[PDB]
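For reference, target_27.cif is printed below; it contains mmCIF, C-alpha atoms and all ligand atoms.
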data_query
#
loop_
_atom_site.group_PDB
_atom_site.id
_atom_site.type_symbol
_atom_site.label_atom_id
_atom_site.label_comp_id
_atom_site.auth_asym_id
_atom_site.auth_seq_id
_atom_site.Cartn_x
_atom_site.Cartn_y
_atom_site.Cartn_z
ATOM 1 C CA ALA B 1 -14.775 47.397 24.514
ATOM 2 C CA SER B 2 -11.663 45.229 24.619
ATOM 3 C CA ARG B 3 -8.191 45.244 23.149
ATOM 4 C CA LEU B 4 -6.398 42.050 22.215
ATOM 5 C CA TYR B 5 -3.139 40.960 23.859
ATOM 6 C CA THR B 6 -1.017 37.821 23.743
ATOM 7 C CA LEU B 7 0.883 36.164 26.569
ATOM 8 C CA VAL B 8 3.307 33.305 25.929
ATOM 9 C CA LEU B 9 4.759 30.969 28.536
ATOM 10 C CA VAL B 10 7.662 28.745 27.496
ATOM 11 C CA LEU B 11 7.057 25.766 29.788
ATOM 12 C CA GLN B 12 9.484 22.844 29.785
ATOM 13 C CA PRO B 13 9.270 19.723 32.024
ATOM 14 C CA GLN B 14 11.304 21.267 34.868
ATOM 15 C CA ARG B 15 11.417 24.988 34.162
ATOM 16 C CA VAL B 16 9.621 28.027 32.770
ATOM 17 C CA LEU B 17 11.049 31.027 30.919
ATOM 18 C CA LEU B 18 10.111 34.412 32.308
ATOM 19 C CA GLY B 19 11.149 37.899 31.314
ATOM 20 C CA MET B 20 12.029 40.830 33.558
ATOM 21 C CA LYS B 21 10.203 43.898 32.238
ATOM 22 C CA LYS B 22 12.820 46.610 31.979
ATOM 23 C CA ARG B 23 10.830 49.766 31.227
ATOM 24 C CA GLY B 24 7.293 51.029 30.840
ATOM 25 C CA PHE B 25 4.134 49.605 32.371
ATOM 26 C CA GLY B 26 4.801 46.758 34.795
ATOM 27 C CA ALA B 27 8.564 47.302 34.811
ATOM 28 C CA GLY B 28 10.314 45.385 37.587
ATOM 29 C CA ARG B 29 8.056 42.322 37.354
ATOM 30 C CA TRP B 30 8.674 38.976 35.717
ATOM 31 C CA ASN B 31 6.097 37.797 33.209
ATOM 32 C CA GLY B 32 5.602 35.695 30.128
ATOM 33 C CA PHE B 33 6.297 37.302 26.792
ATOM 34 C CA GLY B 34 3.603 39.157 24.883
ATOM 35 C CA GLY B 35 1.863 42.385 24.080
ATOM 36 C CA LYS B 36 -0.673 44.173 21.914
ATOM 37 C CA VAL B 37 -1.976 42.376 18.845
ATOM 38 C CA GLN B 38 -1.588 44.539 15.751
ATOM 39 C CA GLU B 39 -3.792 44.900 12.733
ATOM 40 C CA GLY B 40 -2.895 42.527 9.930
ATOM 41 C CA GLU B 41 -1.752 39.628 12.149
ATOM 42 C CA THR B 42 -3.603 36.742 13.734
ATOM 43 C CA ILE B 43 -3.627 36.553 17.523
ATOM 44 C CA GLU B 44 -1.157 33.666 17.314
ATOM 45 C CA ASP B 45 0.976 35.607 14.802
ATOM 46 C CA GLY B 46 1.047 38.416 17.343
ATOM 47 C CA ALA B 47 2.119 35.928 20.006
ATOM 48 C CA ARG B 48 5.072 34.612 17.980
ATOM 49 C CA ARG B 49 6.080 38.128 16.964
ATOM 50 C CA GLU B 50 6.077 39.322 20.579
ATOM 51 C CA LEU B 51 7.955 36.228 21.770
ATOM 52 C CA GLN B 52 10.625 36.785 19.098
ATOM 53 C CA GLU B 53 10.895 40.550 19.655
ATOM 54 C CA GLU B 54 11.283 40.160 23.408
ATOM 55 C CA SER B 55 13.391 36.968 23.635
ATOM 56 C CA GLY B 56 14.744 36.169 20.146
ATOM 57 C CA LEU B 57 12.924 32.821 20.209
ATOM 58 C CA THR B 58 10.753 31.316 17.503
ATOM 59 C CA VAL B 59 8.602 28.276 18.024
ATOM 60 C CA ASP B 60 7.320 25.354 15.998
ATOM 61 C CA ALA B 61 3.948 25.213 17.765
ATOM 62 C CA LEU B 62 2.037 27.472 20.119
ATOM 63 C CA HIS B 63 -0.961 26.008 21.975
ATOM 64 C CA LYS B 64 -3.892 28.053 23.255
ATOM 65 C CA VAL B 65 -4.039 27.529 27.013
ATOM 66 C CA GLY B 66 -6.197 30.371 28.324
ATOM 67 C CA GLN B 67 -7.929 33.704 27.995
ATOM 68 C CA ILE B 68 -7.983 36.368 30.701
ATOM 69 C CA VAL B 69 -9.841 39.673 30.732
ATOM 70 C CA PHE B 70 -8.301 42.511 32.732
ATOM 71 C CA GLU B 71 -10.106 45.619 33.880
ATOM 72 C CA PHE B 72 -8.293 48.591 35.356
ATOM 73 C CA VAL B 73 -10.287 51.158 37.315
ATOM 74 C CA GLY B 74 -10.706 54.297 35.215
ATOM 75 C CA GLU B 75 -9.346 52.727 32.008
ATOM 76 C CA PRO B 76 -11.899 52.528 29.153
ATOM 77 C CA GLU B 77 -10.319 49.569 27.291
ATOM 78 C CA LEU B 78 -10.243 46.074 28.735
ATOM 79 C CA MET B 79 -7.332 43.717 28.088
ATOM 80 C CA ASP B 80 -8.450 40.540 26.352
ATOM 81 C CA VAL B 81 -5.389 38.337 26.753
ATOM 82 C CA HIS B 82 -4.901 35.107 24.852
ATOM 83 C CA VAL B 83 -2.465 32.861 26.710
ATOM 84 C CA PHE B 84 -0.303 30.359 24.832
ATOM 85 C CA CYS B 85 1.977 27.543 25.835
ATOM 86 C CA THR B 86 4.992 25.977 24.167
ATOM 87 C CA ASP B 87 7.678 23.497 25.180
ATOM 88 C CA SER B 88 9.877 23.135 22.075
ATOM 89 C CA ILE B 89 11.648 26.418 21.319
ATOM 90 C CA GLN B 90 14.046 27.393 18.528
ATOM 91 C CA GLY B 91 17.111 29.355 19.556
ATOM 92 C CA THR B 92 18.482 30.523 22.855
ATOM 93 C CA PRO B 93 16.640 33.311 24.714
ATOM 94 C CA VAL B 94 18.479 36.637 24.705
ATOM 95 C CA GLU B 95 17.785 40.012 26.260
ATOM 96 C CA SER B 96 15.839 42.687 24.388
ATOM 97 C CA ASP B 97 15.268 46.356 25.132
ATOM 98 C CA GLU B 98 12.002 45.235 26.794
ATOM 99 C CA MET B 99 12.703 41.945 28.579
ATOM 100 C CA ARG B 100 15.585 40.213 30.292
ATOM 101 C CA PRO B 101 14.816 36.459 30.075
ATOM 102 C CA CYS B 102 15.670 33.886 32.735
ATOM 103 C CA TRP B 103 14.810 30.267 33.407
ATOM 104 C CA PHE B 104 13.049 29.262 36.631
ATOM 105 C CA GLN B 105 12.568 25.898 38.290
ATOM 106 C CA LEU B 106 8.839 25.239 38.618
ATOM 107 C CA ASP B 107 9.017 25.305 42.424
ATOM 108 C CA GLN B 108 10.928 28.607 42.359
ATOM 109 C CA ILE B 109 8.623 30.806 40.271
ATOM 110 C CA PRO B 110 9.052 34.321 41.725
ATOM 111 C CA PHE B 111 5.378 34.962 42.389
ATOM 112 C CA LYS B 112 6.034 37.893 44.710
ATOM 113 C CA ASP B 113 7.813 39.706 41.829
ATOM 114 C CA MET B 114 5.149 38.818 39.260
ATOM 115 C CA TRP B 115 1.793 40.374 38.517
ATOM 116 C CA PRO B 116 -0.605 39.283 41.311
ATOM 117 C CA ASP B 117 -3.063 37.564 38.987
ATOM 118 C CA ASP B 118 -0.346 35.066 38.067
ATOM 119 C CA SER B 119 -0.537 33.484 41.532
ATOM 120 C CA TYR B 120 -4.137 32.654 40.757
ATOM 121 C CA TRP B 121 -3.870 31.320 37.244
ATOM 122 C CA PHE B 122 -0.310 30.024 36.887
ATOM 123 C CA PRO B 123 -1.188 26.793 38.766
ATOM 124 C CA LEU B 124 -3.837 25.973 36.166
ATOM 125 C CA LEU B 125 -1.235 26.623 33.469
ATOM 126 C CA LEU B 126 1.217 24.335 35.265
ATOM 127 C CA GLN B 127 -1.368 21.548 35.328
ATOM 128 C CA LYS B 128 -1.911 21.984 31.573
ATOM 129 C CA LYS B 129 -5.568 22.822 32.141
ATOM 130 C CA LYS B 130 -7.319 25.354 29.941
ATOM 131 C CA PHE B 131 -8.883 28.266 31.795
ATOM 132 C CA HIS B 132 -10.863 31.485 31.567
ATOM 133 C CA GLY B 133 -10.062 34.341 33.915
ATOM 134 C CA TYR B 134 -11.226 37.833 34.779
ATOM 135 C CA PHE B 135 -9.263 40.216 37.032
ATOM 136 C CA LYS B 136 -10.290 43.751 38.047
ATOM 137 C CA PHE B 137 -7.302 45.782 39.184
ATOM 138 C CA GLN B 138 -7.074 49.124 40.966
ATOM 139 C CA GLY B 139 -3.688 50.403 40.002
ATOM 140 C CA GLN B 140 -1.036 47.758 39.501
ATOM 141 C CA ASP B 141 -1.117 46.025 42.902
ATOM 142 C CA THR B 142 -4.704 45.548 44.077
ATOM 143 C CA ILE B 143 -7.110 42.992 42.649
ATOM 144 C CA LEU B 144 -10.644 44.064 43.554
ATOM 145 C CA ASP B 145 -12.547 41.244 41.832
ATOM 146 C CA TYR B 146 -11.720 38.109 39.953
ATOM 147 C CA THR B 147 -13.196 35.001 38.422
ATOM 148 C CA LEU B 148 -11.328 31.899 37.361
ATOM 149 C CA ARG B 149 -12.615 28.654 35.850
ATOM 150 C CA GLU B 150 -11.340 25.723 33.805
ATOM 151 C CA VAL B 151 -12.756 25.346 30.275
ATOM 152 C CA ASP B 152 -12.992 22.692 27.571
ATOM 153 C CA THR B 153 -12.362 25.236 24.813
ATOM 154 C CA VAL B 154 -10.280 28.387 25.328
HETATM 155 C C1 LIG T 201 4.267 40.846 28.864
HETATM 156 O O1 LIG T 201 3.335 40.876 29.911
HETATM 157 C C2 LIG T 201 1.964 40.800 29.578
HETATM 158 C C3 LIG T 201 1.453 40.553 28.160
HETATM 159 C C4 LIG T 201 0.150 40.490 27.916
HETATM 160 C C5 LIG T 201 -0.857 40.660 29.055
HETATM 161 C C6 LIG T 201 -0.417 40.867 30.284
HETATM 162 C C7 LIG T 201 1.094 40.929 30.550
HETATM 163 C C8 LIG T 201 1.678 41.204 31.920
HETATM 164 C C9 LIG T 201 1.763 42.745 31.911
HETATM 165 C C10 LIG T 201 0.384 43.384 32.011
HETATM 166 O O2 LIG T 201 0.045 44.292 31.352
HETATM 167 N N1 LIG T 201 -0.515 42.805 32.933
HETATM 168 C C11 LIG T 201 0.032 41.689 33.653
HETATM 169 C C12 LIG T 201 0.799 40.771 33.086
HETATM 170 C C13 LIG T 201 0.532 39.308 33.456
HETATM 171 O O3 LIG T 201 1.342 38.469 33.626
HETATM 172 C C14 LIG T 201 -0.898 38.923 33.643
HETATM 173 C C15 LIG T 201 -1.755 40.163 33.774
HETATM 174 C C16 LIG T 201 -1.088 41.246 34.551
#
Represent the structure of the file as structure tokens.
Ligand SMILES: COc1ccccc1[C@H]1CC(=O)NC2=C1C(=O)CCC2
Amino acid sequence: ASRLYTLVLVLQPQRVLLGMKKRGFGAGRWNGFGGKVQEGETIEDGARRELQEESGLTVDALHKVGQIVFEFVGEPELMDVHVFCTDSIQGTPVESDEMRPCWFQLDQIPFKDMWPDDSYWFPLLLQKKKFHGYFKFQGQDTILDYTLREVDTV
């Protein structure tokens, strides 16, 4: 039993856009933009909607780069996250109620203030390799189990 999520990383030659989560689950961490997929929208629709709602940006093209399943101890639903990549954006990123966006040089990604799983799978994203991941959390800090592989088809 899974629930669909989207995660969008704006990745330009020298820099990546991240958003500081301001409230709710995972507040205080930087992450890509995304969230729950709603009924009546494609997964990629959901990804553009979340990217716009949280950063003001729209995009010409989103590219599927990964899928990650998250389990949390004691939580019935799993997160089935579809990860997207884009370089060309439309607009300038602005703060939302949810997310404060900031650019980061690729050698200054704030991994210690990001979700732990990102340290595992961000490198594959940075190499523009497609991947499948699984991460079992206990709470929001401890990864009990994980798998990670490159794929031909996300
Ligand atoms: C906006 O942040 C996310 C959107 C969709 C899925 C996951 C996320 C954020 C917040 C969240 O719930 N989980 C963590 C995030 C990651 O960067 C990868 C998994 C850990």
Using 7 Å as the limit and counting all atoms listed in the file, can you tabulate each residue of chain B that touches ligand LIG 201 (chain T), with its shortest atom-to-atom distance in Å and the two atoms involved, as a tab-separated table?
residue	atom	partner	partner_atom	distance
B:5	CA	T:LIG201	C4	5.2
B:6	CA	T:LIG201	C4	5.1
B:7	CA	T:LIG201	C4	4.6
B:25	CA	T:LIG201	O2	6.8
B:26	CA	T:LIG201	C9	5.8
B:31	CA	T:LIG201	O3	4.8
B:32	CA	T:LIG201	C1	5.5
B:33	CA	T:LIG201	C1	4.6
B:34	CA	T:LIG201	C3	4.2
B:35	CA	T:LIG201	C3	4.5
B:81	CA	T:LIG201	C5	5.6
B:114	CA	T:LIG201	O3	6.8
B:115	CA	T:LIG201	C16	5.0
B:117	CA	T:LIG201	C14	5.9
B:118	CA	T:LIG201	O3	5.8
List, as an mmCIF file with C-alpha atoms, keeping the file's coordinate frame, every residue that the PyMOL selection byres (((chain B and resi 110-113) around 12) and not hetatm) selects in the file provided.
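Just written: expr.cif:
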data_model
loop_
_atom_site.group_PDB
_atom_site.id
_atom_site.type_symbol
_atom_site.label_atom_id
_atom_site.label_comp_id
_atom_site.auth_asym_id
_atom_site.auth_seq_id
_atom_site.Cartn_x
_atom_site.Cartn_y
_atom_site.Cartn_z
ATOM 1 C CA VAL B 16 9.621 28.027 32.770
ATOM 2 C CA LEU B 17 11.049 31.027 30.919
ATOM 3 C CA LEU B 18 10.111 34.412 32.308
ATOM 4 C CA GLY B 19 11.149 37.899 31.314
ATOM 5 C CA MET B 20 12.029 40.830 33.558
ATOM 6 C CA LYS B 21 10.203 43.898 32.238
ATOM 7 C CA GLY B 26 4.801 46.758 34.795
ATOM 8 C CA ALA B 27 8.564 47.302 34.811
ATOM 9 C CA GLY B 28 10.314 45.385 37.587
ATOM 10 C CA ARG B 29 8.056 42.322 37.354
ATOM 11 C CA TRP B 30 8.674 38.976 35.717
ATOM 12 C CA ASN B 31 6.097 37.797 33.209
ATOM 13 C CA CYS B 102 15.670 33.886 32.735
ATOM 14 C CA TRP B 103 14.810 30.267 33.407
ATOM 15 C CA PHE B 104 13.049 29.262 36.631
ATOM 16 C CA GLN B 105 12.568 25.898 38.290
ATOM 17 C CA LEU B 106 8.839 25.239 38.618
ATOM 18 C CA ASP B 107 9.017 25.305 42.424
ATOM 19 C CA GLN B 108 10.928 28.607 42.359
ATOM 20 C CA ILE B 109 8.623 30.806 40.271
ATOM 21 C CA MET B 114 5.149 38.818 39.260
ATOM 22 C CA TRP B 115 1.793 40.374 38.517
ATOM 23 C CA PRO B 116 -0.605 39.283 41.311
ATOM 24 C CA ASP B 117 -3.063 37.564 38.987
ATOM 25 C CA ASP B 118 -0.346 35.066 38.067
ATOM 26 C CA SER B 119 -0.537 33.484 41.532
ATOM 27 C CA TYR B 120 -4.137 32.654 40.757
ATOM 28 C CA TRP B 121 -3.870 31.320 37.244
ATOM 29 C CA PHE B 122 -0.310 30.024 36.887
ATOM 30 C CA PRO B 123 -1.188 26.793 38.766
ATOM 31 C CA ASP B 141 -1.117 46.025 42.902
#
Residue by residue, what does the PyMOL selection byres (((chain B and resi 151) around 9) and not hetatm) grab here? Present the result as an mmCIF file with C-alpha atoms, in the frame of the given file.
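Contents of the output file expr.cif:
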data_model
loop_
_atom_site.group_PDB
_atom_site.id
_atom_site.type_symbol
_atom_site.label_atom_id
_atom_site.label_comp_id
_atom_site.auth_asym_id
_atom_site.auth_seq_id
_atom_site.Cartn_x
_atom_site.Cartn_y
_atom_site.Cartn_z
ATOM 1 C CA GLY B 66 -6.197 30.371 28.324
ATOM 2 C CA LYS B 129 -5.568 22.822 32.141
ATOM 3 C CA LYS B 130 -7.319 25.354 29.941
ATOM 4 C CA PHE B 131 -8.883 28.266 31.795
ATOM 5 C CA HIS B 132 -10.863 31.485 31.567
ATOM 6 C CA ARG B 149 -12.615 28.654 35.850
ATOM 7 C CA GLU B 150 -11.340 25.723 33.805
ATOM 8 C CA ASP B 152 -12.992 22.692 27.571
ATOM 9 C CA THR B 153 -12.362 25.236 24.813
ATOM 10 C CA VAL B 154 -10.280 28.387 25.328
#
Skipping near chain neighbours, those fewer than 2 positions away, what residues fall within 12 Å of residue B:75 using all atoms listed in the file, listed as a ChimeraX atom specification? /B:1-3,70-73,77-79,136-139
Measure the distance from atom CA of residue B:61 to atom CA of residue B:88 in Å and round it to one decimal.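 Here the two named atoms are 7.6 Å from each other.
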Could I get stretch 57-73 of chain B rebuilt with N, CA and C atoms, written as a JSON list (two decimals), keeping the file's coordinate frame?
[["chain", "number", "residue", "atom", "x", "y", "z"],
["B", 57, "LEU", "N", 13.35, 34.19, 20.48],
["B", 57, "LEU", "CA", 12.92, 32.82, 20.21],
["B", 57, "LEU", "C", 11.81, 32.75, 19.17],
["B", 58, "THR", "N", 11.87, 31.73, 18.33],
["B", 58, "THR", "CA", 10.75, 31.32, 17.50],
["B", 58, "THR", "C", 10.36, 29.92, 17.93],
["B", 59, "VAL", "N", 9.17, 29.51, 17.52],
["B", 59, "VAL", "CA", 8.60, 28.28, 18.02],
["B", 59, "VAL", "C", 7.97, 27.51, 16.88],
["B", 60, "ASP", "N", 7.99, 26.19, 16.98],
["B", 60, "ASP", "CA", 7.32, 25.35, 16.00],
["B", 60, "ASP", "C", 5.81, 25.40, 16.19],
["B", 61, "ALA", "N", 5.36, 25.31, 17.44],
["B", 61, "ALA", "CA", 3.95, 25.21, 17.76],
["B", 61, "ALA", "C", 3.64, 25.99, 19.03],
["B", 62, "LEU", "N", 2.64, 26.86, 18.95],
["B", 62, "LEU", "CA", 2.04, 27.47, 20.12],
["B", 62, "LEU", "C", 0.67, 26.85, 20.34],
["B", 63, "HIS", "N", 0.32, 26.60, 21.60],
["B", 63, "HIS", "CA", -0.96, 26.01, 21.98],
["B", 63, "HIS", "C", -1.74, 26.96, 22.86],
["B", 64, "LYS", "N", -2.98, 27.24, 22.45],
["B", 64, "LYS", "CA", -3.89, 28.05, 23.26],
["B", 64, "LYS", "C", -4.12, 27.37, 24.60],
["B", 65, "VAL", "N", -3.79, 28.06, 25.68],
["B", 65, "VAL", "CA", -4.04, 27.53, 27.01],
["B", 65, "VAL", "C", -5.02, 28.37, 27.83],
["B", 66, "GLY", "N", -5.23, 29.65, 27.51],
["B", 66, "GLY", "CA", -6.20, 30.37, 28.32],
["B", 66, "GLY", "C", -6.59, 31.69, 27.70],
["B", 67, "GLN", "N", -7.61, 32.31, 28.30],
["B", 67, "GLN", "CA", -7.93, 33.70, 28.00],
["B", 67, "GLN", "C", -8.26, 34.39, 29.31],
["B", 68, "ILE", "N", -7.74, 35.59, 29.50],
["B", 68, "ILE", "CA", -7.98, 36.37, 30.70],
["B", 68, "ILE", "C", -8.38, 37.78, 30.30],
["B", 69, "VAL", "N", -9.44, 38.29, 30.91],
["B", 69, "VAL", "CA", -9.84, 39.67, 30.73],
["B", 69, "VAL", "C", -9.36, 40.46, 31.94],
["B", 70, "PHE", "N", -8.73, 41.60, 31.68],
["B", 70, "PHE", "CA", -8.30, 42.51, 32.73],
["B", 70, "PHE", "C", -9.07, 43.82, 32.62],
["B", 71, "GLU", "N", -9.56, 44.28, 33.75],
["B", 71, "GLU", "CA", -10.11, 45.62, 33.88],
["B", 71, "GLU", "C", -9.21, 46.40, 34.82],
["B", 72, "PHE", "N", -8.93, 47.64, 34.46],
["B", 72, "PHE", "CA", -8.29, 48.59, 35.36],
["B", 72, "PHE", "C", -9.27, 49.72, 35.64],
["B", 73, "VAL", "N", -9.42, 50.06, 36.92],
["B", 73, "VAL", "CA", -10.29, 51.16, 37.32],
["B", 73, "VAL", "C", -9.90, 52.40, 36.54]]
